[PDB]
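Engineer: Below is a structure I'd like to ask you about.
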Amino acid sequence: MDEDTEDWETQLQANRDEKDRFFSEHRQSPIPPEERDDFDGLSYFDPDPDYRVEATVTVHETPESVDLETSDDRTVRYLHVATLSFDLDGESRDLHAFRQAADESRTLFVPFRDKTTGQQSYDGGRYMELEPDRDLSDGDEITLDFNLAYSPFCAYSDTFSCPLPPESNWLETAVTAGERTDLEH
């Protein structure tokens with residue numbers, strides 16, 4: 204574990220830092236004027252290896268059109284290129300990996316709606332983004348860090364039409380890692 208996980212920390216000190224300034228410098232803060240009045244940051248779970256899981260990539264050769272959110276006050280069509288099957292909470296869970304049109308910036312966007320959605324966290328789901336070492340094909344593996352699941356633009360700003368996640372990525376388990384986010388302030 205320690206061999207790949209020290210490298211997971213190498214990518215992570217850069218990860219949390221570049222994602223933070225994606226929400227601050229790249230795009231202006233999606234966190235409401237009301238919310239960020241007391242709070243300041245991309246709502247972030249603290250690095251937890253138990254919510255760092257391993258999944259087998261199942262790549263679909265003919266991708267369907269799935270509307271998900273972007274960082275540009277907009278909603279954009281993604282293509283269903285993969286499904287990531289892993290173990291979590293005593294059974295095999297699956298999360299579908301999409302990318303807008305013909306992405307090669309490694310930017311895989313996976314939604315997962317769990318038990319903390321609208322309870323221990325804000326409603327809409329928990330949204331997670333992977334950028335692997337390479338491009339994934341049927342048979343590859345990929346690491347799903349739910350402990351790095353980001354604050355979605357939709358759940359914070361109602362001016363974003365919220366993504367449309369398939370029934371298959373709805374997880375019947377709680378993802379509690381690091382700090383939470385109190386929607387009921």
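Residue numbers (this note's numbering): 204 to 388.
Where a beta carbon is used, it is the ideal one built from N, C-alpha and C, also for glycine.
Do the stretch 337-344 and the stretch 371-385 meet, that is, are 3 or more Cβ pairs less than 8 Å apart?
Structural biologist: Not touching, per the Cβ criterion.
Engineer: Please classify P252: does DSSP put it in a helix, a strand, or coil?
Structural biologist: To locate residue 252, count along the sequence shown from 1; it is residue 49. Correct three-state label for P252: helix.
Engineer: Using the C-alpha atoms, what's the distance from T265 back to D240?
Structural biologist: Here the question's residue 240 lines up with position 37 in the sequence shown. Here the question's residue 265 lines up with position 62 in the sequence shown. Cα to Cα, the separation comes out at about 45 Å.
Engineer: Going by the CB atoms, is the gap between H299 and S371 shorter than 8 Å?
Structural biologist: Within the sequence shown, the letter at position 168 stands for residue 371. Within the sequence shown, the letter at position 96 stands for residue 299. Contact: yes.
Engineer: Please report how far the alpha carbon of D306 lies from the alpha carbon of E237, in whole angstroms.
Structural biologist: Taking the first residue of the sequence shown as position 1, residue 306 is located at position 103. Taking the first residue of the sequence shown as position 1, residue 237 is located at position 34. Rounded to whole angstroms, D306 to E237 spans 34 Å at the Cα level.
Engineer: I'd like to know whether the C-beta atoms of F349 and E272 end up nearer to each other than 8 Å.
Structural biologist: The sequence position of residue 349 within the sequence shown is 146, counting from 1. The sequence position of residue 272 within the sequence shown is 69, counting from 1. Not a contact, by the Cβ cut-off of 8 Å.
Engineer: Which same chain residues end up closer than 7 Å to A258 when comparing Cβ atoms and leaving out the 5 residues on each side of it in sequence?
Structural biologist: Here residue 258 corresponds to residue number 55 of the sequence shown, with the count starting at 1. The residues are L287, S288, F289, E344, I345 and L347.
Engineer: Just how far apart, CA to CA, sit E267 and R302?
Structural biologist: For the purposes of this step, residue 267 is taken as the residue at position 64 of the sequence shown. For the purposes of this step, residue 302 is taken as the residue at position 99 of the sequence shown. Going by the C-alpha atoms only, they are around 11 Å apart.
Engineer: Residue range of the alpha helix (DSSP H) that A358 falls in?
Structural biologist: Position 155 of the sequence shown, counting from 1, holds the residue named residue 358. Residues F356 to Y359.
Engineer: With 16 other CB atoms within 10 Å as the buried threshold, where does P252 fall?
Structural biologist: Within the sequence shown, the letter at position 49 stands for residue 252. Answer is exposed; the Cβ neighbour count stays below 16.
Engineer: Terminal residues of the continuous beta strand (DSSP E) containing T208?
Structural biologist: Counting from one through the sequence shown, the residue named residue 208 turns up at place 5. Per DSSP, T208 belongs to no beta strand (DSSP E); it is in the alpha helix (DSSP H), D205 to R224.
Engineer: Any chance you could list the beta strand (DSSP E) runs of at least 3 consecutive residues sitting entirely within the stretch 277-304, in chain order?
Structural biologist: The qualifying runs are 278-291 and 294-302.
Engineer: Can you tell me whether DSSP reads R239 as helix, strand or coil?
Structural biologist: In the sequence shown, counting from the first residue as 1, residue 239 sits at position 36. The answer is helix: DSSP assigns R239 an H, G or I state.
Engineer: Taking only three categories from DSSP, how would you classify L333?
Structural biologist: Your numbering for residue 333 matches position 130 in the sequence shown. Strand at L333.
Engineer: Can you give the Cα-Cα distance for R277 and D361, rounded to whole angstroms?
Structural biologist: Looking up residue 277 in the sequence shown gives position 74. Looking up residue 361 in the sequence shown gives position 158. So the alpha carbons of these two residues sit roughly 11 Å apart.
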